[PDB]
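A.B. asks: Protein chains in written order, with PDB author numbering: chain 7, 29 to 240; chain 6, 29 to 257; chain 4, 58 to 124, 128 to 263; chain 8, 27 to 243. Backbone N, C-alpha and C define an ideal beta-carbon position, used for all residues, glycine too.
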Amino acid sequence: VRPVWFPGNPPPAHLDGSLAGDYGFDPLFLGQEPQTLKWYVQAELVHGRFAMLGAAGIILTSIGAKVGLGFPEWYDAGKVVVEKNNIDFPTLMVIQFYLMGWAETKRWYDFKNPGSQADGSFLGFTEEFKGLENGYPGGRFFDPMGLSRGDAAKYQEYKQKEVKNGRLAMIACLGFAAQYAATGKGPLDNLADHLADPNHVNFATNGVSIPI
Amino acid sequence: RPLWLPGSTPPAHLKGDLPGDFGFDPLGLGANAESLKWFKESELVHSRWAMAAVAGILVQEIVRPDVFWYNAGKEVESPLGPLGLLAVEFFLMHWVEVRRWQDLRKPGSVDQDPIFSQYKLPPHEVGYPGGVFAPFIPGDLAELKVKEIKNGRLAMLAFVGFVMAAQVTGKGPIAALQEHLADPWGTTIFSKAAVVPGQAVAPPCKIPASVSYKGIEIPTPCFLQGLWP
Amino acid sequence: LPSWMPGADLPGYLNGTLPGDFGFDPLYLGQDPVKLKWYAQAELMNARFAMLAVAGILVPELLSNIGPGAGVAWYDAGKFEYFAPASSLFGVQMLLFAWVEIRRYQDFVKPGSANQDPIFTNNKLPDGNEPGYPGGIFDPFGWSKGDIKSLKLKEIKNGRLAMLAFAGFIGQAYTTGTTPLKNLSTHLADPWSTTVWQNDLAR
Amino acid sequence: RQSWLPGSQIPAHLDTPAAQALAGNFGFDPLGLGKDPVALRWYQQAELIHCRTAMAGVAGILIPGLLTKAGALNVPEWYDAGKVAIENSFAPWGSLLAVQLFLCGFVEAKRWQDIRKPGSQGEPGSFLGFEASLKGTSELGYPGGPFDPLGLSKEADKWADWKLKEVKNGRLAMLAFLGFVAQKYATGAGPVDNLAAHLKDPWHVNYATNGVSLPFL
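1. Report the residues of the stretch 85-103 of chain 7 with a CB closer than 7 Å to any CB of chain 6, ordered along the chain.
2. In chain order, what residues of the same chain lie with their CB nearer than 6 Å to the CB of residue 173 (chain 6), ignoring the 5 residues before and after it?
3. Mind the definition here: the stretch 109-120 of chain 7 touches the stretch 138-151 of chain 7 only if three or more C-beta pairs lie below 8 Å; say whether that holds.
4. Cα-Cα, which of 48 (chain 8), 150 (chain 8) and 227 (chain 8) is closest to residue 63 (chain 8)?
5. What residue does the alpha helix (DSSP H) around residue 70 (chain 8) start on, and which one ends it?
6. Report the residue from 118 (chain 7), 217 (chain 7) and 182 (chain 7) whose alpha carbon sits nearest the alpha carbon of residue 87 (chain 7).
7. How would you list, in chain order, the residues of chain 7 whose beta-carbon sits under 9 Å from the beta-carbon of residue 202 (chain 8)?
8. What is the rounded straight-line gap between the Cα of residue 37 (chain 8) and the Cα of residue 27 (chain 8)?
9. At the level of alpha carbons, what is the spacing between residue 187 (chain 8) and residue 89 (chain 4)?
10. When DSSP labels each residue in this structure, what does residue 125 (chain 8) get in the three-state scheme?
11. What residue range does the alpha helix (DSSP H) around residue 138 (chain 6) cover?
12. Excluding the five sequence neighbours on either side, which residues of its own chain have a C-beta within less than 6 Å of the C-beta of residue 190 (chain 6), listed in chain order?
13. In chain order, which alpha helix (DSSP H) runs of at least 4 residues are fully inside the stretch 201-253 of chain 4?
14. Would residue 192 (chain 4) pass as an interface residue toward chain 6 - the criterion being a Cβ-Cβ separation below 8 Å?
15. Out of 147 (chain 4), 80 (chain 4) and 224 (chain 4), point me to the one whose CA is closest to residue 72 (chain 4)'s CA.
16. Can you tell me which residues form a DSSP beta bridge with residue 180 (chain 8)?
17. Quick check: what's the CA-CA separation for residue 67 (chain 4) versus residue 60 (chain 4)?
18. Would you identify the three-state DSSP class for residue 229 (chain 7), choosing helix, strand or coil?
19. Between 78 (chain 4), 64 (chain 4) and 184 (chain 4), which lies nearest to residue 70 (chain 4) when the distance is taken from Cα to Cα?
20. Helix, strand or coil for residue 246 (chain 6)? Go by DSSP, reduced to three states.
21. Would DSSP call residue 133 (chain 4) helix, strand or coil?
22. My guess is that residue 40 (chain 7) and residue 52 (chain 7) are in contact by the Cβ rule of under 8 Å, so how many angstroms apart are they, rounded?
23. Classify residue 220 (chain 8): buried if its beta carbon has 16 or more other beta carbons within 10 angstroms, exposed otherwise.
24. From residue 190 (chain 8) to residue 80 (chain 8), what does the alpha carbon distance come to, in whole angstroms?
25. Are residue 179 (chain 4) and residue 101 (chain 4) close, meaning C-beta to C-beta below 8 Å?
26. Hey, would you say residue 182 (chain 7) sits closer than 8 Å to residue 49 (chain 7), going by beta carbons?
27. Taking one C-beta from the stretch 117-126 of chain 6 and one from the stretch 139-156 of chain 6 each time, how about it: are there three or more such pairs within less than 8 Å?
28. For the structure I just gave you, are there three or more beta carbon pairs, one from the stretch 165-182 of chain 7 and one from the stretch 51-66 of chain 6, closer than 8 Å?
29. Quick one: which chain 6 residues come within Cβ less than 7 Å of residue 179 (chain 7)?
30. If we ignore side chains and look at the alpha-carbon of each, how far apart do residue 177 (chain 8) and residue 168 (chain 8) end up?
31. Could you spell out where the beta strand (DSSP E) holding residue 227 (chain 6) opens and where it closes?
32. Per the DSSP calculation, residue 176 (chain 4) is bridged to which residue(s)?
33. Please classify residue 130 (chain 8): is it buried, with 16 or more other beta-carbons within 10 angstroms of its beta-carbon, or exposed?
34. Pairing CB atoms from the stretch 253-261 of chain 4 with CB atoms from the stretch 154-174 of chain 8, are three or more of them under 8 Å?
35. Once DSSP output is grouped into helix, strand and coil, what is the label at residue 222 (chain 6)?
36. With burial defined as no fewer than 16 other Cβ atoms inside 10 Å of the residue's Cβ, what is the status of residue 104 (chain 6): buried or exposed?
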C-alpha cells in the first residue's frame, strides 16, 4: 500500500516499511540479511548528511563567486587558499586524519558494542555517548535541541524528511560534478546560461552528453 | 484565548501557563521540559537586552547626533585605557552572569548576601528575582510580565531593523525615517532592489570596509552582503 | 560549611576535620586517607615556610629603602663574603636539618614517642602531642587559649597566601627582570598601564 | 575495567586472577602472546627488567643532556660520548667490555637460577651470609633485604601504587628512548634541539615536514 517506487510491483521480503523512505527499492536484494541491512542504513544516513553539507557549501561559495566578492570556485578554493596562507599540506592532512579517526572509530565500536561508549570510560561522561538507535545518537549533545525526546510522531516525520533531503543532496552533488566536468565551467553559471536559452543551452547541445 | 493565528489550534505542550503565550511553536520546539525552561529564560534575557539597547540607541542619536551609533566603537575617546575598560567589564559581568547561572542550575541556592548575611533575597522563580530588584510596582505582576515580553520581542525586532537599515543606508534611523516620510514611494527596498530571472540587483553596502583603530585595523565585513535582495 | 564554591557538591571524604577545609578538590587527590594525611602535613609545612620566606624577603628590602649591613636584591644570593664560604655554611645547615628533621618524622610516624630531651630528661614537651602541633615550649607565651579553631585556621590561610605570594615573586622576577617591590611601585604609579597584558604585548 | 580499548572484548587468557593481579593490566594482548601462563609470567619479568633499565638509561641521557645546555655540566652528545670517553679513558675498550661482561653475567646467573627455582639462592652455606637475605620476597621480581633498603615494602597500602608507578614510568621510558633514536636518525641533532625547534614552531617542525618519515610526499 505504501507508494512503491515501481507502481504496480509488490515489495520484496526484507523491505517492509519500518524504516524511513521504504519505497520498496532494493531490486538487487542487497538487504536480505538484517545485519547488512542495518549496516547499509547507517551508511546511507552518513552519506546523505555529507551530501547535504557538500551541496550547501558548494552553492554558497558559488553565489559568493558570481557576486563580486572574490570567492573562488569550489574546485580551486583548496589550492588557492592553501597557497594564499602559510599552510602545509602534510600538517593539515595529518591533523585532519587524527581527529576524524578518533571520532569515527568511536562511532565504529559503538555500532559493534551498542552500549559501551557511555560507560564512563570517557572523561566522566554517560547518557550522551550512549546510542539511541542504529545511527541516531541523539543525546544531550548530538540532539542538544532535544527534539528526539519529544513528539515521536514529529520525530518520525523528521527522520523521513532527513533521508529524503539526503538522497536529493547526493544526486545534486553528482549533478554538480558532471556539470563542471562537462562544461568546464561554474555550476551557477551553467544555470544562468540554460536560463538564458533552455531551448539551446542544454546537454542536447553540449555535444558531449549526447555524443552525436 | 488569543492565538497568533485566529481560527487555528495550539500545539500540545503549549498550554497557556506562561505569560504572553499565544501558542506559537509551529515547530514544536517546546517539547521537553528542561529545554523549555532554558528557552523561556533565554527569551527573557534577550528581551530585556534588546529593550535596553533600542532605548539607548534612540536617545543617544537624539541627544548627541552626528556621532554614528554604529560607530561609537571607534569614535569613542576615553582617558581610561581600553584594556582597562574591557578588563573591568569582563570581570564584573563574568561575576554577575555566573551567579545567575549558579542560580538556574541550583535554584534558590545563593539568595543570601554572602557578606551582609543580614541582607538576603527572598525565594522566587527563575527570571524573576524581585525583592530589592522589584522595590516599586504599580499594578499587577500578571500584566507586567505580559508587557515585559511584548516590549522585549518588539525591541528585538526594532534592533535588527536598525541593523539592516544601517547596513543599507548607513544613516541614523531617525534620519532614515525622515527620508521615508519625505518619499513614500522611493524609500522602499522594492524601489531599492529586486530579483528577476533576467538579473539581480542589490543596493550597495554603506559601511566601507576594515576600519583602523590604534593599529588593530579591525576587519569589518557586512552581514552576508551576498544575499541582500 | 564555607565552600570554595557556594552551592556545589563537596566530595565526601573532605570533612573539615583539619583546619580550613572548603571541600576544594576538583581532582580528588586525597581520597586515600594516607595520602590525605601526608598532604595535609606537607601543606602545613610548605605554607609556614612560604610565610617565613615572604616575611624575610619583604622586610630586608623595605628597610633598605630607608635607614644596614647590605641592601642587595632578594634573589642576588651568592654576592657576599659572610666571613666564610657558602660551602661550610650549607654543610652545617644540612647536618642540623638532618637531626631535628629525622625527629620531626619520628613525631609524625610514632606519636608521643619524642617529647623529652634525651639529655634533659626532665625537660619534656607535653603529651597532647597532635602530630604537627608540638606547642608546649613551642607555646612559651600562654597561648592556645582561644580554642584552636581560629589559630589553626588563620595559620593555614596565611600559609597558602604566602605560598601564592612567593610564586608571584618568582613570576615578576623572571619576567620583568626586576624586584617585586619595584613592580609594586610601578603598578601603583599607574594600574591602567601596568598590566600583564601590556607587558606581554610589549614583549 | 580499565581497557586500552573500550567496547573491545577481554582476551581469554588476560582475564585470570594472576593477570588481573599482575600489574598495569588493561586487557592488551591482541596477539594473545599470553595464552600460556608460564610464558606470561616470564614476559612479566622481562617487561619489569626492561622498564627498570629504560628508566635508568633515559635519565642518564636527559639529565646531563639537559644540563649541558646549562653552563656547567658541559657534556658531549650521548651518541658520541662513547668516542669522547674512550678518548679520555685509561683502559682498552676491549678489556673494559670484557670485565663488565663478566660482572654482569654473574648477577644475571643469580637472577636466572632464582627465576628457575625461587628458593634457589637461600641454600645454606652456599655463601657466608648471603642466603639470609638472598631469598625472594614471595613476588618473583622484587628481591628483598638490601634490595628495598629503606623499608618501603613494610607499608602495603603503598605497595600497589609503587608497583603501578614503576610499570607506568618504565613503559614511558622505553617509548621515549625509541623516540630518541628515531629522531637521531631522521634529523640527527640533539633531542633537546629537536624539542626547541618544534617549540619555536610546531606547525612546521615535525616528521610531517621532515621529508623522510613520510617520503611519498
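C.D. replies: The relevant details are as follows:
1. 91, 92, 95 and 97
2. 47
3. no
4. 48 (chain 8)
5. 63-93
6. 217 (chain 7)
7. Residues of chain 7 passing the Cβ test: none, with the nearest at roughly 21 Å.
8. 13 Å
9. 11 Å
10. helix
11. No alpha helix (DSSP H) holds residue 138 (chain 6); DSSP gives it neither H nor E.
12. 201
13. 209-236 and 240-249
14. no
15. 80 (chain 4)
16. Its beta-bridge partners do not exist; DSSP assigns none.
17. 8 Å
18. coil
19. 78 (chain 4)
20. strand
21. coil
22. 7 Å
23. buried
24. 16 Å
25. no
26. no
27. no
28. yes
29. 56 and 59
30. 13 Å
31. 227-229
32. 184 (chain 4)
33. exposed
34. no
35. strand
36. exposed
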